[PDB]
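**Q** Chains as they are written, first to last, in the authors' numbering: chain A, 226 to 313, 319 to 365, 383 to 403, 406 to 450, 749 to 809; chain B, 1130 to 1222; chain C, 1067 to 1081, 1095 to 1114; chain D, 71 to 154; chain E, 3 to 75, 84 to 129, 137 to 185; chain F, 1 to 171; chain G, 2 to 153, 161 to 189, 194 to 533; chain H, 885 to 920, 931 to 982; chain I, 1406 to 1463. Backbone N, C-alpha and C define an ideal beta-carbon position, used for all residues, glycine too. One structure, pasted below without further comment.
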Amino acid sequence: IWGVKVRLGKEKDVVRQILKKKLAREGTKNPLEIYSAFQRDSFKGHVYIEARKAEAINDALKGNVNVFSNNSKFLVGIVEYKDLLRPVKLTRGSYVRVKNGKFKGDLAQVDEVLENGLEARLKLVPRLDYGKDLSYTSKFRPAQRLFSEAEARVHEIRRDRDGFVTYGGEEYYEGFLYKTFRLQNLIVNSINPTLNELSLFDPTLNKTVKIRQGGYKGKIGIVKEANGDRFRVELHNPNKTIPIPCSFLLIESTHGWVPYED
Amino acid sequence: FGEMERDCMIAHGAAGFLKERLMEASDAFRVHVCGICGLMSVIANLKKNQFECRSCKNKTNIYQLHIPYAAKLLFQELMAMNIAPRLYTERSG
Amino acid sequence: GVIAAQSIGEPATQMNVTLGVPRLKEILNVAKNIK
Amino acid sequence: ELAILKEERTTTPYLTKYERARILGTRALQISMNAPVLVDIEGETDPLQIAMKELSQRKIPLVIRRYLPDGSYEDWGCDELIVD
Amino acid sequence: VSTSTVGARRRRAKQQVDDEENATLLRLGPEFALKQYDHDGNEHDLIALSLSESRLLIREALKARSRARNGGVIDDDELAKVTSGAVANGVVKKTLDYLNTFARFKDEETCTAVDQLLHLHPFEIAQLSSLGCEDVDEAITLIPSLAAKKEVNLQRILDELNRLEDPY
Amino acid sequence: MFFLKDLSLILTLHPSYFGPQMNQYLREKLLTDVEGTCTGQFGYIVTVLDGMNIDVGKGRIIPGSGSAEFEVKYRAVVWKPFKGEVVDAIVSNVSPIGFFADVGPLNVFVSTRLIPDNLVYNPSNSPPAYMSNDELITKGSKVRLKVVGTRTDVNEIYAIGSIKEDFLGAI
Amino acid sequence: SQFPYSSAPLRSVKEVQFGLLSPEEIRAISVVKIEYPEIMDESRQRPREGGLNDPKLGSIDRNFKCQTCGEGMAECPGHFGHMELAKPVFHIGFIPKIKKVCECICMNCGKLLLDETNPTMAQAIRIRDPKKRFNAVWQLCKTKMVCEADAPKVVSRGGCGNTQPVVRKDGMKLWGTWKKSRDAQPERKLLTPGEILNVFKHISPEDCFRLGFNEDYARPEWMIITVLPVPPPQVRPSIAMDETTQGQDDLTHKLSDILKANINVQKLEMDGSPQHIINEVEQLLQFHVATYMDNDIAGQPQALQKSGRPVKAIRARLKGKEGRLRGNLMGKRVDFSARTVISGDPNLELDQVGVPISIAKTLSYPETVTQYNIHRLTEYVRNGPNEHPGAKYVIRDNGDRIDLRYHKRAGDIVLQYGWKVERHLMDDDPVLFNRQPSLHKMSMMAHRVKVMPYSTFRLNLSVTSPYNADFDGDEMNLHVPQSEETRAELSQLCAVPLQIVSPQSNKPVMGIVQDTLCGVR
Amino acid sequence: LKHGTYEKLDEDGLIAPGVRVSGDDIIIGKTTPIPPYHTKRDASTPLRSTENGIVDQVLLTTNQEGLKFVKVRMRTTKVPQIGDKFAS
Amino acid sequence: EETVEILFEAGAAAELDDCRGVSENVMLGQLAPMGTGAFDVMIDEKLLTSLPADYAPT
RNA sequence: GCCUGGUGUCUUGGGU
DNA sequence: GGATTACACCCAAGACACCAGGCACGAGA
DNA sequence: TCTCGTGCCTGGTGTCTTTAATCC
Ligand SMILES: [Mg+2]
Ligand SMILES: [Zn+2]
Ligand SMILES: [Zn+2]
Ligand SMILES: [Zn+2]
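As C-alpha cells, this is what we get:
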C-alpha cells in the first residue's frame, strides 16, 4: 500500500477516478494493476493505493489533475495497514451541544431518539419573543429563557397536557423546548460546559439672528455658542464666527426680529 | 520629529529639550518593574496599594519608571519572541 | 562628533582622477579596489 | 571616595555655556514654584529674568557636580565659578 | 521605601536555603550578615544588643533628644511622651515597659560590669546575656548551638550574672 | 531581637522648603516617617540614634520637576523577632484557642495543640488564669516560649509560638 | 503629573540585560493558559475565558476594568498569557546558532571536544569577548570529526566514542549525516527538536560557560520553544473597518492558526496516526510558529493572508523606515507643532518670527501661577479661549483640567499658587523653528514670536540662507517648548544671534542678501 | 453621537441647498443598528474641519443594489491672499 | 542596520548594555549625558545658611 | 451633571 | 551564490474573501 | 398537502502552471 498526496478536498474524486480506470482496463492487454484505493476523512490530502509494483501507482494516477506531479508517494508498512481502515455515543439523559439553527452552540439534554435512528429529541432552553414583532437567524436570535405559558397567554397557544403547550407549532414542557434534531446536527464529544451552564444546570442657541448695532448691523447669523453675555454668532456673510455682546442681537420668532423680550 | 531633527538638538547640546519633546510632549508612560528580575511583570492595584511580582514572590523591592509607550510596546513584542529585556536601575560593573 | 558629521556631509550635498561624490564614497566604504 | 578634595580640583574655573543654561533654567523653575528669592525684585518679574539677575550678582545657591570620565567628580559651587 | 547599604542581590544559578531565619542555625538573612558595612564602606561586625545595653541607649537617646527639644533643660511613662503621634507613642511605651519588667541589670554601673565581663561568633555572645540561666545544663538545652564548642567558663558566667543580679 | 542598623531613606523635598533651616526640617521629617513603623526586611524601627546630628549629604535636583532628592543615611535601633529564638513574654489575652502574648511592639499567638495537656484553662477562678500547683499564669506572668514560625504582612509581622517543649512555660 | 501618585520609588534605567525567557519563567509571569481558538463565547457578547481575548489579559475597551490590576485601560499595561505546545519546536531566529552548537558538542553526552591540554585551544579560552571565544573554539573543534571517549593508560574525558555527524540545514529541518565505521553506507536521519532538546539539558554548567552561553540569562536549551508567550491585546488591537465591522490583527489570526494546529497534534498521539501523517502535522506546527515570528525566511514561500498579501510577522514590525525602531523610537510624531507657508518681512528683527493669530490661539504654554503674575493671569482667564490674549485650561496640582470652552461659570474661578494656566502664545515667547531637510545644526534655531494677522510665517530675510529657504512654496515647522527649563535652554543655546558664526568654516552663514545687498552697493 | 450640530438637517436626513455650513456640522445623517430599545449607532458624515461654504445641490437616487444614495456638493469662493501661489 | 539580527544575537549571548550612549538614553526617554545633561546639579546647603532666620522651614 | 470613539494596508498622482 | 543598500518631509484621492453545503421557503402537482 | 427546486446564509479553507550593483 502506497500513500499519495492529492489536492485537498479531491480525495474522493481521485478514488472514483482510479475505480473508473481499473474497470475500463479490466481484461485488456494493459490492465491497471491496482487492487484497491481509498481515502480516509481523518487523513486529509491523501489517497492510499493497493498494488504489487510502484509502477502501477504511477499508472493509476497518470493524467489525474487532482494529484501533485512531484514524485511524492510513500510506502506504508504492513504493520500500519489495519489502522488505516479503523472505522471509528449518545445516551438519553446526557448533554450535547447543538450545531445548527438559532440554538447553535446551546447545551441540550438528549430526551429520546427516533425509531429509525437519525434524529434525536432535545430538551432546550427556548429563545422566544412571544410573537412580539410579527406581521429567525443565529445572529439575530433572542436571549435564552424558559417558556412562560402565562406570558404566551397574555401576549399571543394550545394546551396539550399537564405542563405541555404547543406554542407557534413547537412543543414546550415545563418551560423547555422539545425539538427533534438530526444526530449529525449535535456534538456529543469533548463538550465543555461554560460558566453560564454551570450556573444554570439657554433657549436661543442655533436659532437665526439679526444684528442691530455695530459694524455687523443688518447681517444674518446663527448662535453657535452662548456661554454667557458674549455670544458666538456664525455670521453668514464672511466665513468667520465672531464674539458678540447680547445687547446687539435681534432674534427671529413668529412675528419678525424681536429684541430681548423673547 | 524625524531622525534628522534629533541630530540637530544633539549638536546644539540641548539634551533637556530633546528629552521633553520625546516624552512629556508625546507618549509618556509609567511602568512598574521588579527589582530582582527586572521584568515588567508587576501587578499593581493602586487603589488597594498592593504590588506583587509573583515570580520573585517580592512585594517590597519594586520600582517605577517613566519610559515611552512605544518602548513599552517594543519590549512586549520582544517578550513575545522569547527575548527577555531586563531593566535594572543600578550598575554593578 | 555630530558637528563633524554635518560639517563634512553638507558640502557634499551641493557638489583624470575620480572626484566628487563617487570618490568620497570609495573612502568611507574603504574599498579594496578603487576606480 | 569618588569625591575630589577642594585643593586638588582640576577642571576649568569658567562656567561653560552648557552649565550656564542648565543653572538658569533650573533656578528659574524653582522660582516659579515659589522658592525663596535671594535678590531684590524690582520691575522685572519674569521667572527667567529674576534668575538672570541672581546670576549676575553671584547669588545662585547651587553646586555643579561635574562628572569626569572615570566616574569621579568635582563639586563646584556657582558662587565660586567665574562667569564671563 | 527605606533601603540599606546591602544592595543588588541579583539572581544566581544555584539557589540557597541558608536564608530562612533560624537563630539555631545562625541564619540571619541577607541584611544581618556577620560582616556588615556602614554608610562609608568600612567593615563592621554585626551589632546584636542584649536587653541591658538596649535599655541604656534607648533611654539616653530619648532624654538627650527631649533635652534638645527643650533647648537644653527616670520614669518610663514620662520618657515615652517625647514621640510624635499616637502610633509612635504606643510602640515606644510598650518597648520600655517590656524592658522594664525583664531587664535584670537596670543601671549603668552593673551594666558596664556585665559589658566588661562579656567583652566566638558575635550572635552567640549576645544570646547568652539575654536568656538567664542557672546551670550549664540549662544553657545548652534551650540554646543547642553551645554544644560542640568545648569552651565553657559558662558556670562563672552564670554565677557572675546571678551574683550581680539584685534581689526582687 | 534587637540590633543596630545603618539605614537610609530617599526624601523628596519640594522647592518651597529651600530655606536656612532645611536640614532641621529634614531631621524632623525623617523621624516622623520612620519611628514606630515596621517592615518585614528589618523589623520594627524603635528609635533612631543621634537624630539631631544626622549628616544628610547633598540633595540631587530632579531634572524636569525642580524638587530635590536627599539620601538621608542614618543609624537606628531596630527590633525583629526570629524563628527559633526563645523569648519571655507578657500574656495579653487568654482564650479557648490558646493565648496572646505582648512581646514589646507585637503580639504572638500560641495554639492549643502546641500547649501541654496539664495546663487547663480555668474561667471560674478569680482572676482567670492557666493554673497548676506552684505555677501561676496570670496577666504579667513571666512565661518562656519559642518562636517556631514568622509570617510577613510587610506592615506588621506575625509570629506563632509554642510551649510544647522542654523548659518552656511559667517560671 | 499626569500619572496618579504611587508610593513606589521613581528611578531611571541604568542597564538593559538581554536574555532568553525560560519555560518556567514564562509560566510564572503568565496569568492564564490559552487553549481554544474560538475568540467569542458563542457570538452572544463577552469573550470566552481561556480564549485569545480572555479578559484577564487586559482591557482595550473604555468600560471594562482589568480583572487583574483594577486599573483603567489607559494605565493598564496588559498581562501575558502562555500557550503550551504539545511538542517542542525550533525558534526560527536561532537555527544557524543551534547548527553551530551541534558541531561543537558530542551528540550523545554533550561535552566540548577539546581541553586545556591542547596548547592553541588553551589560548582560545582566554579570549575575553564571549562571541569571539565561542567562534575561536568552534574554529578548532570543527575539524575534530569524532567525539573521543578517551583523552587525546586510558584517561576518559566523559566521551561516548561516537563519531560526529556533519549537520546541514534544509529549510526548517536539520539533517545530520553520520559516518558509520573503507567507505560504507551512511544513514542521515532527521534531527528533530525533541531529540536535540534532551541532549541540551545534559550539558554541564562548566561547558555551558565555555560555549559563551550564560547559566542565569541565556541557557542553551531555551533556544527551543516549548511554551509560547501570548501577548496582551495592546500588542494586537482590533480595528473597525466600517464602524460595526471589525477585523482582527494579523497576529490574532496567526495565533488562531497555531492554536488550531496545536490541538491536532494532541488529536494524533491517542489514535489513528499513520506516521507519515504525524510528520506532516508536526512540520506544519513548526511552520506556523516560524512565520509568526519571521515571515521572510529565505528559500520557501511566504505565509499569505486570504487577501493574498503576506502576513505581517513580528520581525517585519521592527525593521524598515516605518517599523517600531526607525518609525516610532528614533523619531515620532509630536504635539505642540505647527506648519504653514512662509513669507519674508524686512521689518522684523533677525531673531523674530511672525506667527499667525489662528496658530497662536491653538498652541499654548503652561505657565505656573506665582505671587508676581497672579493678577495678570486672571485677566487671561476672563477673556477665555476665543479672545486674545486668553487661555485654554486651568490645571490643579491633582491634574484635573478645567476646559474653558464649556465652563459657563468662568467668572467664579479663583487661582491658587502652584496651579497652572495654559495661556495662549504671546509676544517674546521663544519657539524652535525648523525646515526640512535638517542638513546641519542651523536648520533649527530659536526665534522670538511676534503675533501678526494673515496665515503665513514671517521671517526676516537674512535668515533664509542658513535654512536654505525661499518663498516659492516652502513650508516650515514650529515647535513650542512646554516648560520653564526648556525655554531657558532655547534662549541661551539655540537663539539666532548665537548662530551667526558657524563652526563649519569659521565664518558667518548669514549676511545681507538680495534687494538689500543690491541696493547697498 | 458626534459633537457637532445636527440642526441643519431636514426631516429626510439631508441638508437643503442654500444653507451655509462650517466645519464638523453634520450634513448627512445616517444610523446603523446595534446587534443584540436604544438600538442604533451614528454613522453620519461631517463637513471637513478646515472648510466652510454653502450647500449648492443635493442629488438623491439609488444605486445598482437598490438602496438609497446621496451626493452633497458644497461650493465656496476662494479669494487671493498672502501666501497663495502664482506663476507666469 | 541589521536591526533584528543584532537583537537575536544579543539575546543568545546575554549582552549587557551599560546605557552610556546618547542613543540608548534618547530611546528610553531619559536625560542623556551630553550638553546640559553632562552633569548633576546639587543644592548648596552651606550657602543657604547665610539667609535670615524668618525664611526657615518649619 | 461631570467623561466623551471613527480604521487600516496599499497603490497612484503631486509639493520643496 | 547567496541578501542588503539604495534622501527627507508633506499633501490628497482611490479601494476591500470565495466556494460549497445545508436549510428554509415557495411553487407546482 | 407534500415534494422538489432554488436561493440565501454561514462556515471552512487554495492552487491550471507563469534591477542593478556591490560585499561577505
Ligand atoms: Mg523652495
Ligand atoms: Zn521579579
Ligand atoms: Zn491590568
Ligand atoms: Zn557522548
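1. Just the Cα atoms here: how many angstroms apart are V426/G and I407/G?
2. Tell me the DSSP secondary structure of residue 219/E in three-state form.
3. Are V340/A and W227/A close, meaning C-beta to C-beta below 8 Å?
4. For the alpha helix (DSSP H) containing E23/E, name the first residue and the last one.
5. When you compare only the Cα positions, how much space is there between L796/A and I414/G?
6. Less than 8 Å separating the beta-carbons of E36/G and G335/A?
7. Would you decide whether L138/D is buried or exposed? Buried here means 16 or more other CB atoms lie within 10 Å of its CB.
8. In terms of residues, what are the limits of the beta strand (DSSP E) holding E342/A?
9. Is the separation between the beta-carbon of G366/G and that of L360/G shorter than 8 Å?
10. Verify whether the separation of the beta carbon atoms of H1141/B and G1434/I is less than 8 Å.
11. Using 7 Å as the cut-off, classify the Cβ of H80/G as near or not near the heavy atoms of ligand 3, replying yes or no.
12. Tell me whether the beta-carbon of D439/G lies closer than 8 Å to the beta-carbon of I354/G.
13. Is the closest heavy atom of ligand 4 to the C-beta of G167/G under 7 Å?
14. Buried or exposed: where does residue 374/A fall if 16 or more other Cβ atoms within 10 Å of its Cβ makes it buried?
15. Shortest alpha-carbon distance to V56/F belongs to which of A1461/I, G1442/I, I1448/I?
16. So with CB distances below 8 Å, who are the chain C contacts of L451/G?
17. CB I93/D to CB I130/D, shorter than 8 Å?
18. So, are the CB atoms of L341/G and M1432/I less than 8 Å apart?
19. If you run the structure through DSSP and keep just helix, strand and coil, what is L223/G?
20. DSSP three-state call for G20/G: helix, strand or coil?
21. Just to confirm the assignment, what range does the alpha helix (DSSP H) spanning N291/G have?
22. Check whether the Cβ atoms of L127/E and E177/E sit closer than 8 Å, and answer yes or no.
23. Under 8 Å between C-beta atoms, does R311/A make it to chain G?
24. In whole angstroms, give me the CA-to-CA distance for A87/G and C107/G.
25. Does the CB of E124/D have a neighbour CB from chain I at under 8 Å?
26. Out of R11/E, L51/E, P32/E, state which residue places its alpha-carbon closest to the alpha-carbon of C121/E.
27. Just verifying my parser: in three-state terms, what is the DSSP assignment at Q1179/B?
28. Check whether the Cβ of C142/G sits closer than 7 Å to any heavy atom of ligand 4, and report yes or no.
29. Return yes when at least one heavy atom of ligand 1 lies under 7 Å from the C-beta of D484/G, else no.
30. What residue range does the alpha helix (DSSP H) around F212/G cover?
31. Which residues in chain D sit within 9 Å of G1131/B, going by Cβ to Cβ distance?
32. Residue range of the beta strand (DSSP E) that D1136/B falls in?
33. Do the segment 117-130 of chain D and the segment 32-45 of chain F touch if we need at least three Cβ pairs shorter than 8 Å?
34. So, using beta-carbon positions, are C77/G and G51/G closer together than 8 Å?
35. Which residues have their C-beta within less than 7 Å of a heavy atom of ligand 2, listed in chain order?
36. When every heavy atom of ligand 3 is checked, does at least one fall within less than 7 Å of the C-beta of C793/A?
**A** According to the structure shown:
1. 12 Å
2. It is not possible to answer for residue 219/E, since the shown part of chain E is limited to 3 through 185.
3. no
4. Counting along the chain, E23/E falls outside any alpha helix (DSSP H), and DSSP gives it neither H nor E.
5. 30 Å
6. no
7. exposed
8. 337-343
9. yes
10. no
11. yes
12. no
13. yes
14. Because chain A is numbered from 365 directly to 383, the model contains no atoms for residue 374/A.
15. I1448/I
16. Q1072, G1075, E1076, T1079
17. yes
18. yes
19. coil
20. strand
21. 290-305
22. yes
23. yes
24. 27 Å
25. no
26. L51/E
27. strand
28. no
29. yes
30. 205-213
31. Near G1131/B there are no residues of chain D at all, since even the closest Cβ is about 25 Å away, more than 9 Å.
32. Element bounds for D1136/B: not the beta strand (DSSP E) but the alpha helix (DSSP H), 1132-1141.
33. no
34. no
35. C1163/B, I1165/B, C1166/B, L1168/B, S1170/B, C1182/B, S1184/B, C1185/B, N1187/B
36. no
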